[PDB]
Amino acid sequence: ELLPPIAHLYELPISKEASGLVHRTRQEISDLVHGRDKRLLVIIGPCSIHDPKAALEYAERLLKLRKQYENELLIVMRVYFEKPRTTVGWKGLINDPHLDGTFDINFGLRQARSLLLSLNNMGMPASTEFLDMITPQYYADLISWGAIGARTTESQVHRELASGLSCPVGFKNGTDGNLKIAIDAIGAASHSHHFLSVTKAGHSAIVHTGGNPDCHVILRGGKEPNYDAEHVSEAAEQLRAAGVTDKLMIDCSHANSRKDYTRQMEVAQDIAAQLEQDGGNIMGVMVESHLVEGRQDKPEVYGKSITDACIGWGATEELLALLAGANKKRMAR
C-alpha cells in the first residue's frame, strides 16, 4: 500500500539549510545555462546509489573538493535513484531498495529522501535522473539539477515532467547519437503544458506547468563519441538555429567513454584542452565516480558500483584538479 508524499514530508521536512542550498544552487546553475557565469558545472558521482553509508562517505570527500575548487567548478553529486535498463534489471534504490527483488518501494522512497536531506544538510547539492512520473513529489524539493535520460529525451511525458520541475534540466542526446531530439526537448519543456500528475496527497490531478527556462543539452555519445570540439561546435550551431541556449554539457561516461571507465579521463583531458583553447560553449561536464573503481554484479565491495563502472576516488581527485586548472585559465582570459 503506497504512502503519499505527505507521509514522507512529515517525517523528513526540508531544513532551512537544505532549502537554502537548493535555492542557491539552482540559481547558480541557471547562471551557467544562460552564460552569466563561466564556472563549470560538474555533475559527478556514482552511476547509481545502492548504499547510503558509502554515499555519505563519498559526499564528505567530494565536499572538500567542492569548496576547494568553488571559484572554478560548481560541483554537484550524482544521486541517482532511478535507472533505465536496456531490457530488464535492477531499476534503482527506490524501486528495489533491499537489492533482492522485494520491491519495498515505500522503504526506498523514505531512504532516498533521508539520504538527500542528509546530503543537502552537510552542504552537498544533489542531482538525479527523473525517470518515473510519480516519484518526484517525494524528493524533488531536494534536487538542484535533473537529467532526462537518452532513452526518454524524445518522450513527451518526460518533456511535460521537465516543464514543471523547479530545477534546471539537462536533456541527453539519443542512444544512437541524435541531438535534435534534445534540442526539440528544450523547445517543448520551456513551454507551458497541461497533463495529469499526482498531488502530495497521492491523488491524480490535472496540472498546468509554466515551462522550464533552464534546460540545456548533454552530449553523451552515440554510435560514435560526440565530446570533441568539432561536435561541440556543430551542436552549438544547431542550438542557435533553434533559438535556444548554445551552452551545453558533456558526459565523460556512457557512450563517450565507450562504457570503459578508464577512458573518462581521456574525455576529460580533451575537454580541458578545449577549455584552454576556447571552449565558450561548454557549461558543464558529467562524470561517473565512486570510492572504488570498476563495477560488480553483487553488492559485496563497499563503495563499488553495481550498475555502470566508475572511476575510483584517486582518479576522481586527478580529473577534478585537471578541469579546475583548465577552467581557471578560461575564466581568466
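So that there is no doubt, residue numbering starts at 1 and follows the sequence shown.
Here the stretch with the larger average CA B-factor, out of 228 to 236 and 250 to 258, is 228 to 236.
Mean C-alpha B-factor is higher over 14 to 22 than over the other stretch, the pair under comparison being 305 to 313 and 14 to 22.
Across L115, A241, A182, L131, the entry's maximum B-factor at the CA atom is seen for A241.
Of the candidates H208, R159, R110, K91, the deposited coordinates give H208 the top C-alpha B factor. Remark: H191 belongs to the highest third of its chain, ranked by C-alpha B-factor as recorded.
In the PDB entry, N71 places in the highest third of its chain by CA B-factor. Among the modelled residues of its chain, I29 has a C-alpha B-factor that falls in the highest third, as given in the PDB entry.
Split the chain's modelled residues into thirds by C-alpha temperature factor. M265 is in the highest one. In the deposited entry, the Cα temperature factor of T102 places it in the lowest third of its chain's modelled residues.
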